[PDB]
């Protein structure tokens, strides 16, 4: 136990974060508690498509405070190294990807994919003092993943369902988000939000519309939660009223430290997020859709490419800033707000969510938060993160390192009000990726 560990409840409501814990969770740079924790997991760096071909243009990428450079060498292996030449500090973005390496444009020093210095023109014997940081990589889901932690503790690469399926079952997008990773992830472990800001989007949008779940979601925002701790993270049982006999359970899966699997809408593709910290004020927000049984159709895949569903349209090509952003007021339409075609005045799943999270300021004011029951999932995920971060300081091994425990699924069920859903899911969600999808 460490003083920082906040109590779960205070005066009979859930308790907010104390100052130190606020910091433990938000500060992600090198040699921070959370910086060190996050380094132990495989990290999604960028998409394979951004560095498609060998000897192709390198791209700058910033993760967990460090500034890096991604490129694909001559053999075709995706590599990731530090952005800066060890010589006089110039950027290797201006260098030359060729002959299995990056060669600095200033004086010709060359580094390979592991950041080993392999040529120094003026001084061949200096190689060993010119090494820079290079990080191992693997490709899965159409994403380049990197391992940024101590060499001896590198785990098995992740085996989430969208990472194991064949390519054309899967579709991935990413968006830059002008806020700290925490508040953003917090948004996808809060199913009560869907009943308010998304109330009217849920009907027009092709990845969501025309399924029976919507009648129940629309008609009750008041979500009671049950939370079960597991080898991979948490399972979130979000209860709403079904019929008068019954309850609509949405079960979303939180896979520590930064993944969700969202409970389905009908036979529409399954959805998921990742959030990756760029610094303490920004993050990559990843969105994944995938179908377990058939390929994605063309009307599915194309709808995603146009930026419907949990995806977005971009400001300019290869921008990764959304079309709706803090410069155009996120497209606010007050007229639409009055006529009840949009709750917030903003259009689009993604925008409706990040508009609000950006508006909190880069880091949410944790001091001024006053929590409610709908925040049960959030509070527990915070504890798991804090206790892992603090535990790693003290030499404990962090949770969820074992990829085989990540073969799981979200779900929806209608159930009588006396049936216990945790028991139900013991029965039904064992070996869940072999069964079809539990849906409504």
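Numbering follows the first chain given and starts at 1.
For the segment pair 96-104 and 294-302, the entry gives 294-302 the higher mean B-factor, averaged over Cα atoms.
Checked against the record, the higher mean CA B factor of 150-158 and 174-182 lies with 150-158.
Each of 273, 87, 169, 199 has a CA temperature factor in the record; the biggest one is found at 169. In the deposited entry, the Cα temperature factor of residue 340 sits in the top third of values across the chain's modelled residues. When the modelled residues of the chain are ordered by their C-alpha B factor, residue 21 lands in the middle third. In the PDB entry, a CA B factor belonging to the lowest third of its chain's modelled residues is recorded for residue 137. Sorting the modelled residues of the chain by their CA temperature factor places residue 334 in the lowest third. Residue 422 sits in the middle third of its chain by CA B factor, as recorded in the PDB entry.
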